[PDB]
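Structure 1 and structure 2 below are two forms of the same protein chain, each written out on its own as structure tokens.
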Structure 1
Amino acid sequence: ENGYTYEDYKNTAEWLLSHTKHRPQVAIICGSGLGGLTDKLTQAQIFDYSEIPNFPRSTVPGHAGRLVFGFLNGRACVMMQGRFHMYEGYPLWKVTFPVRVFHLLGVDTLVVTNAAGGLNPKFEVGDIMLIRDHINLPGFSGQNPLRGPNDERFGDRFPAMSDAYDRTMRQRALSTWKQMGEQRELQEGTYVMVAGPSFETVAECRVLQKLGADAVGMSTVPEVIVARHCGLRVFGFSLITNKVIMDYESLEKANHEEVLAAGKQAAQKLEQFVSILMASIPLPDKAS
């Protein structure tokens, strides 16, 4: 919304289109440490956020912030390596800008990935959690990417989000995990978005737990919301990079070298899993 006008999304979509032979069907948003997925593309055309018109450039990253087009396991993709977060200063209408243009490019599905902390006791670090639902803490307070006058050309005023995370895709995902003969199971739960850049206190770790959250993070939710408003099929995963909740002798506290989640090894596992699912995402062709 604000700051951006429809023609803005229009000019950015047309520009990209006229600058790439590619026409994407699936946009993929890589979470921290899941950018290597871009290595899995064939015929990649890399665009630096900066080159792309109204596209929000990176506050610091950049060189870990690019939009790369290609083909992944059957599908025509567009991967955003290095996503925007509101903790970096971007208003939510800049953070979710990409999604609006992906819609105008022709994208019909959005797989969003992220790194998150483990709230559910079952979860072990390294785990992967299929996002079945979410709790939008910023949104309850006004920080919803849809705020402002609504463009009925994109969507409705009051979109429902109870059915956000595609049921089929999540079923097919659970099945694909099994068909791969995977040992540690594909977990599943509610992701709670929290804004601030600092990590949580035990007291905070307990309210999110009490609220029903399984993994906590600082992104995804805004993009899921504007994806859905546009009518995109959405599904995502969370790479549990850590976990906490004990005043009673924390013995640790986290920082960032912790948010690696077995680094390469565990990240590679999501990257291939995600690539395997390209086959399981419906062709626009109708494929009947």
Structure 2
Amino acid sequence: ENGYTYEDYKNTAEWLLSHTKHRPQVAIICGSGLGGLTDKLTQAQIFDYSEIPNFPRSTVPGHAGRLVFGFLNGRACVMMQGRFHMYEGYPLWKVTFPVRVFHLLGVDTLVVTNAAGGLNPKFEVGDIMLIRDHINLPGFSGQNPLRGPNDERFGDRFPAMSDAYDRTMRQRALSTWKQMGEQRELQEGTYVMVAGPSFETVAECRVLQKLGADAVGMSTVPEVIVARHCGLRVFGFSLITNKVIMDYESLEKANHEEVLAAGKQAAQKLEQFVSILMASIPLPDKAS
């Protein structure tokens, strides 16, 4: 929790409320290369993290680190264009601040996306992996967003992540994929968070294999964790941007500077996939 008081979150959320007529239901966190989904909002109301009261400003992106509200396919959203990462220096309680605000804003669902490397060989760069589970490497060692005093107004001391990635929405995505009838099937697996800005080495790559990870990335888990702590329904995808080199040859590089995957049609399609799923995110009314 550290660094922010409960009322820090309340003041930010209230400030936001009194600044946008929008009252969101779905928060979407766009990963690298998937920031275009903001283009699909309507009645978009843009804010810089910096204009917003206690919001972590971005370390480099004075280019485009911002929060946009709007409606996407009949859903009252709010999207983070450019998320916070541990490797940039953000303590995990800053990286996830957004989520605690989203909850107070009235958000009841959080869809998170990220670009990940591929560990499972079945994966093809471009592949979109549905996140079924995660291996929280930093958390195993204290680097868990929930560290420090717990606020029962947000959740319990010991929340369970046994069930973080909403089951329902995974069926819906598996199917919505098919509805679209899109050739290659939407993948699904286990996402391993890993910090430090550098990329893996063949040997590290093989330990992540052993551990049972299908994709490796440097974000998402902190956000997923506090979403759950809050009671947010959570689901997310991972854009396989490269194949992590699991052998001592290959050369087929795994890369960000080589994030053309995330700057490709590949990214473009995850953007409409996420737009379609808006229709399948349950309304707060439930209804009938």
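FYI, numbering is relative to structure 1, first residue = 1. We call the rigid core the largest set of C-alpha positions that still match within 1.5 Å between the two forms.
Only one entry in 255, 50, 43, 59 has its C-alpha moved by 2 angstroms or more between structure 1 and structure 2 when the rigid core is superposed, and that entry is 255. In the core-superposed comparison between structure 1 and structure 2, residue 264 has its Cα shifted by at least 2 Å.
With the core held fixed, the Cα of residue 245 is displaced between structure 1 and structure 2 by 2 Å or more. Structural comparison between structure 1 and structure 2 after rigid-core fitting shows the C-alpha of residue 90 displaced 0.4 Å.
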